[PDB]
$ cat model.cif   # mmCIF, C-alpha atoms; chains and numbers go by the auth columns
data_protein
loop_
_atom_site.group_PDB
_atom_site.id
_atom_site.type_symbol
_atom_site.label_atom_id
_atom_site.label_comp_id
_atom_site.label_asym_id
_atom_site.label_seq_id
_atom_site.Cartn_x
_atom_site.Cartn_y
_atom_site.Cartn_z
_atom_site.B_iso_or_equiv
_atom_site.auth_seq_id
_atom_site.auth_asym_id
ATOM 1 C CA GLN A 1 -27.840 -32.470 -8.444 0.00 1145 A
ATOM 2 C CA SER A 2 -30.202 -33.929 -11.047 0.00 1146 A
ATOM 3 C CA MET A 3 -32.047 -36.942 -9.641 0.00 1147 A
ATOM 4 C CA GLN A 4 -31.895 -38.510 -13.109 0.00 1148 A
ATOM 5 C CA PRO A 5 -29.859 -41.657 -13.266 0.00 1149 A
ATOM 6 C CA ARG A 6 -26.300 -41.200 -14.446 0.00 1150 A
ATOM 7 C CA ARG A 7 -24.276 -43.193 -16.938 0.00 1151 A
ATOM 8 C CA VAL A 8 -21.214 -45.013 -15.615 0.00 1152 A
ATOM 9 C CA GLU A 9 -18.879 -47.008 -17.900 0.00 1153 A
ATOM 10 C CA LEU A 10 -16.648 -49.666 -16.349 0.00 1154 A
ATOM 11 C CA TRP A 11 -13.808 -51.123 -18.411 0.00 1155 A
ATOM 12 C CA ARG A 12 -13.114 -54.762 -17.644 0.00 1156 A
ATOM 13 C CA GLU A 13 -9.615 -55.962 -16.783 0.00 1157 A
ATOM 14 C CA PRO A 14 -8.568 -59.475 -17.986 0.00 1158 A
ATOM 15 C CA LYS A 15 -10.340 -59.733 -12.959 0.00 1160 A
ATOM 16 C CA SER A 16 -13.703 -58.720 -11.384 0.00 1161 A
ATOM 17 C CA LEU A 17 -15.636 -55.448 -11.970 0.00 1162 A
ATOM 18 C CA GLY A 18 -15.256 -54.663 -8.273 0.00 1163 A
ATOM 19 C CA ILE A 19 -18.827 -54.324 -6.970 0.00 1164 A
ATOM 20 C CA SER A 20 -20.951 -56.419 -4.611 0.00 1165 A
ATOM 21 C CA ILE A 21 -24.703 -56.095 -5.158 0.00 1166 A
ATOM 22 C CA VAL A 22 -27.666 -56.794 -2.932 0.00 1167 A
ATOM 23 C CA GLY A 23 -31.431 -56.780 -3.399 0.00 1168 A
ATOM 24 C CA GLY A 24 -33.915 -57.833 -6.056 0.00 1169 A
ATOM 25 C CA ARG A 25 -37.406 -59.306 -5.923 0.00 1170 A
ATOM 26 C CA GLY A 26 -34.149 -52.629 -6.314 0.00 1184 A
ATOM 27 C CA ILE A 27 -30.579 -53.667 -7.052 0.00 1185 A
ATOM 28 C CA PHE A 28 -28.045 -51.822 -4.837 0.00 1186 A
ATOM 29 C CA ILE A 29 -24.245 -51.572 -4.596 0.00 1187 A
ATOM 30 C CA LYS A 30 -23.122 -52.930 -1.193 0.00 1188 A
ATOM 31 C CA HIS A 31 -19.358 -52.573 -1.687 0.00 1189 A
ATOM 32 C CA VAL A 32 -16.812 -51.180 -4.084 0.00 1190 A
ATOM 33 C CA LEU A 33 -13.308 -52.643 -4.251 0.00 1191 A
ATOM 34 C CA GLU A 34 -10.701 -49.864 -4.435 0.00 1192 A
ATOM 35 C CA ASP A 35 -8.413 -51.837 -6.743 0.00 1193 A
ATOM 36 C CA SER A 36 -10.874 -52.633 -9.499 0.00 1194 A
ATOM 37 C CA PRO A 37 -12.589 -51.033 -12.513 0.00 1195 A
ATOM 38 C CA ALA A 38 -15.383 -49.794 -10.157 0.00 1196 A
ATOM 39 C CA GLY A 39 -12.869 -48.398 -7.679 0.00 1197 A
ATOM 40 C CA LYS A 40 -10.864 -46.669 -10.389 0.00 1198 A
ATOM 41 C CA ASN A 41 -14.005 -45.002 -11.795 0.00 1199 A
ATOM 42 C CA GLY A 42 -14.364 -43.362 -8.387 0.00 1200 A
ATOM 43 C CA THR A 43 -18.074 -42.477 -8.677 0.00 1201 A
ATOM 44 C CA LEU A 44 -19.757 -45.637 -7.476 0.00 1202 A
ATOM 45 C CA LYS A 45 -20.529 -45.982 -3.786 0.00 1203 A
ATOM 46 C CA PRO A 46 -22.428 -48.198 -1.381 0.00 1204 A
ATOM 47 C CA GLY A 47 -26.165 -47.505 -1.479 0.00 1205 A
ATOM 48 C CA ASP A 48 -26.234 -46.545 -5.185 0.00 1206 A
ATOM 49 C CA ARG A 49 -29.114 -48.084 -7.076 0.00 1207 A
ATOM 50 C CA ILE A 50 -28.340 -49.851 -10.347 0.00 1208 A
ATOM 51 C CA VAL A 51 -31.286 -49.119 -12.612 0.00 1209 A
ATOM 52 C CA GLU A 52 -29.993 -50.329 -16.021 0.00 1210 A
ATOM 53 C CA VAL A 53 -27.089 -52.342 -17.371 0.00 1211 A
ATOM 54 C CA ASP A 54 -26.346 -51.918 -21.086 0.00 1212 A
ATOM 55 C CA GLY A 55 -29.819 -50.559 -21.798 0.00 1213 A
ATOM 56 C CA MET A 56 -31.573 -53.363 -19.955 0.00 1214 A
ATOM 57 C CA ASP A 57 -33.978 -52.326 -17.239 0.00 1215 A
ATOM 58 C CA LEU A 58 -33.057 -53.542 -13.743 0.00 1216 A
ATOM 59 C CA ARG A 59 -35.488 -51.403 -11.760 0.00 1217 A
ATOM 60 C CA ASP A 60 -37.684 -54.431 -10.966 0.00 1218 A
ATOM 61 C CA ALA A 61 -35.083 -57.163 -11.641 0.00 1219 A
ATOM 62 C CA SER A 62 -34.661 -60.132 -9.323 0.00 1220 A
ATOM 63 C CA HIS A 63 -31.207 -60.533 -7.750 0.00 1221 A
ATOM 64 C CA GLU A 64 -30.452 -63.503 -10.043 0.00 1222 A
ATOM 65 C CA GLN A 65 -31.592 -61.569 -13.138 0.00 1223 A
ATOM 66 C CA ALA A 66 -29.249 -58.694 -12.282 0.00 1224 A
ATOM 67 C CA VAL A 67 -26.316 -60.945 -11.551 0.00 1225 A
ATOM 68 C CA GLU A 68 -26.625 -62.717 -14.919 0.00 1226 A
ATOM 69 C CA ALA A 69 -27.148 -59.521 -16.876 0.00 1227 A
ATOM 70 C CA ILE A 70 -24.068 -57.933 -15.367 0.00 1228 A
ATOM 71 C CA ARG A 71 -21.905 -61.082 -15.647 0.00 1229 A
ATOM 72 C CA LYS A 72 -22.922 -61.352 -19.315 0.00 1230 A
ATOM 73 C CA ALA A 73 -22.184 -57.681 -20.099 0.00 1231 A
ATOM 74 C CA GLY A 74 -19.618 -56.845 -22.765 0.00 1232 A
ATOM 75 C CA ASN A 75 -16.936 -54.191 -22.524 0.00 1233 A
ATOM 76 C CA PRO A 76 -17.400 -51.531 -21.350 0.00 1234 A
ATOM 77 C CA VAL A 77 -20.150 -52.412 -18.907 0.00 1235 A
ATOM 78 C CA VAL A 78 -22.563 -49.428 -18.992 0.00 1236 A
ATOM 79 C CA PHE A 79 -24.607 -48.805 -15.871 0.00 1237 A
ATOM 80 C CA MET A 80 -27.296 -46.232 -15.159 0.00 1238 A
ATOM 81 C CA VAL A 81 -27.022 -45.535 -11.447 0.00 1239 A
ATOM 82 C CA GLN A 82 -29.198 -43.499 -9.026 0.00 1240 A
ATOM 83 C CA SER A 83 -26.661 -41.886 -6.646 0.00 1241 A
ATOM 84 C CA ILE A 84 -28.808 -39.225 -5.041 0.00 1242 A
ATOM 85 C CA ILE A 85 -31.545 -40.131 -2.554 0.00 1243 A
ATOM 86 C CA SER A 86 -34.030 -37.747 -0.996 0.00 1244 A
ATOM 87 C CA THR A 87 -36.008 -38.742 2.008 0.00 1245 A
ATOM 88 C CA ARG A 88 -39.298 -37.299 3.139 0.00 1246 A
ATOM 89 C CA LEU A 89 -39.528 -36.686 6.901 0.00 1247 A
#
$ encode --input "model.cif" --output "structure tokens"
Amino acid sequence: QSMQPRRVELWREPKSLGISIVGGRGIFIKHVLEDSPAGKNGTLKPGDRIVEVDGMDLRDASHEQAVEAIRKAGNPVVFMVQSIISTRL
């Protein structure tokens, strides 16, 4: 698998997007709600790194910065996500 971030579009429903995030001083997905736009997409999982939202860099974002940027996203919400991790041992 490419270790390039991948584009993920979430379509808002008139409630939440369905992700819990942690981190930020990376931004990571902690949980995905099954019955939500994130759950329905099917490709987002705990541990995924959110690197951009709607073209905006979140690599070095604070937690609060990320939260606002995602809350203030339009429709669809476009994420770039890093889903593959390699670890050197």
$ residues_around --input "model.cif" --residues "residue 1218 of chain A" --least-positions-apart "6" --cutoff "12 Å" --atoms "only C-alpha atoms" --output "list in words"
residues 1168, 1169, 1170, 1184, 1185, 1186, 1207, 1208, 1209, 1210 and 1224 of chain A
$ resolve_selection --input "model.cif" --expression "the PyMOL selection byres ((chain A and resi 1152) around 6)" --output "ChimeraX atom specification"
/A:1151,1153,1236-1237
$ resolve_selection --input "model.cif" --expression "the PyMOL selection byres ((chain A and resi 1189) around 6)" --output "PDB file with C-alpha atoms, in the coordinates of the input"
ATOM      1  CA  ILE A1164     -18.827 -54.324  -6.970  1.00  0.00           C
ATOM      2  CA  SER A1165     -20.951 -56.419  -4.611  1.00  0.00           C
ATOM      3  CA  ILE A1187     -24.245 -51.572  -4.596  1.00  0.00           C
ATOM      4  CA  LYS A1188     -23.122 -52.930  -1.193  1.00  0.00           C
ATOM      5  CA  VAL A1190     -16.812 -51.180  -4.084  1.00  0.00           C
ATOM      6  CA  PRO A1204     -22.428 -48.198  -1.381  1.00  0.00           C
TER       7      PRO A1204
END
$ residues_around --input "model.cif" --residues "residue 1232 of chain A" --least-positions-apart "6" --cutoff "12 Å" --atoms "all atoms listed in the file" --output "number ranges by chain"
A: 1153-1157, 1162, 1211-1212
$ closest_residue --input "model.cif" --among "A:1201, A:1216, A:1238, A:1244" --to "residue 1150 of chain A" --atoms "only C-alpha atoms"
A:1238
$ closest_residue --input "model.cif" --among "A:1239, A:1202, A:1247, A:1167" --to "residue 1149 of chain A" --atoms "only C-alpha atoms"
A:1239
$ closest_residue --input "model.cif" --among "A:1158, A:1195, A:1200, A:1205" --to "residue 1242 of chain A" --atoms "only C-alpha atoms"
A:1205
$ closest_residue --input "model.cif" --among "A:1214, A:1147, A:1222, A:1229" --to "residue 1163 of chain A" --atoms "all atoms listed in the file"
A:1229
$ atom_distance --input "model.cif" --atom1 "atom CA of residue 1221 of chain A" --atom2 "atom CA of residue 1233 of chain A"
21.5 Å
$ atom_distance --input "model.cif" --atom1 "atom CA of residue 1215 of chain A" --atom2 "atom CA of residue 1245 of chain A"
23.6 Å
$ atom_distance --input "model.cif" --atom1 "atom CA of residue 1243 of chain A" --atom2 "atom CA of residue 1223 of chain A"
23.9 Å
$ closest_residue --input "model.cif" --among "A:1240, A:1146, A:1217, A:1161" --to "residue 1193 of chain A" --atoms "all atoms listed in the file"
A:1161
$ closest_residue --input "model.cif" --among "A:1203, A:1192, A:1166, A:1213" --to "residue 1235 of chain A" --atoms "all atoms listed in the file"
A:1213
$ decode --input "model.cif" --residues "segment 1187-1202 of chain A" --atoms "N, CA and C atoms" --output "tab-separated table (two decimals), in the first residue's frame"
chain	number	residue	atom	x	y	z
A	1187	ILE	N	-7.57	9.55	14.99
A	1187	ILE	CA	-8.91	9.02	15.22
A	1187	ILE	C	-8.82	8.02	16.38
A	1188	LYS	N	-9.62	8.25	17.44
A	1188	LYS	CA	-9.72	7.34	18.57
A	1188	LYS	C	-10.83	6.32	18.36
A	1189	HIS	N	-11.98	6.80	17.89
A	1189	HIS	CA	-13.17	5.98	17.68
A	1189	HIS	C	-13.93	6.41	16.46
A	1190	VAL	N	-14.60	5.41	15.86
A	1190	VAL	CA	-15.53	5.60	14.77
A	1190	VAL	C	-16.89	5.00	15.13
A	1191	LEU	N	-17.93	5.82	15.08
A	1191	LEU	CA	-19.28	5.36	15.34
A	1191	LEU	C	-19.83	4.67	14.08
A	1192	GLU	N	-20.28	3.44	14.26
A	1192	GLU	CA	-20.79	2.62	13.16
A	1192	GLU	C	-21.93	3.32	12.42
A	1193	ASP	N	-22.87	3.89	13.17
A	1193	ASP	CA	-24.02	4.54	12.56
A	1193	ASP	C	-23.77	6.03	12.44
A	1194	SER	N	-22.96	6.39	11.44
A	1194	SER	CA	-22.57	7.76	11.23
A	1194	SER	C	-21.98	7.86	9.83
A	1195	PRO	N	-21.79	9.08	9.32
A	1195	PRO	CA	-21.05	9.26	8.05
A	1195	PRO	C	-19.67	8.58	8.02
A	1196	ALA	N	-18.91	8.66	9.11
A	1196	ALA	CA	-17.60	7.99	9.21
A	1196	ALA	C	-17.73	6.47	9.18
A	1197	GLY	N	-18.74	5.95	9.87
A	1197	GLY	CA	-18.95	4.52	9.94
A	1197	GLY	C	-19.35	4.01	8.57
A	1198	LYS	N	-20.27	4.72	7.94
A	1198	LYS	CA	-20.76	4.32	6.62
A	1198	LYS	C	-19.66	4.32	5.55
A	1199	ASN	N	-18.74	5.27	5.62
A	1199	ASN	CA	-17.59	5.29	4.71
A	1199	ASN	C	-16.84	3.96	4.79
A	1200	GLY	N	-16.61	3.48	6.00
A	1200	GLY	CA	-16.04	2.16	6.20
A	1200	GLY	C	-14.52	2.11	6.16
A	1201	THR	N	-13.84	3.22	5.84
A	1201	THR	CA	-12.38	3.16	5.68
A	1201	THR	C	-11.59	3.79	6.80
A	1202	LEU	N	-12.29	4.50	7.69
A	1202	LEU	CA	-11.64	5.16	8.80
A	1202	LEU	C	-11.62	4.23	10.00
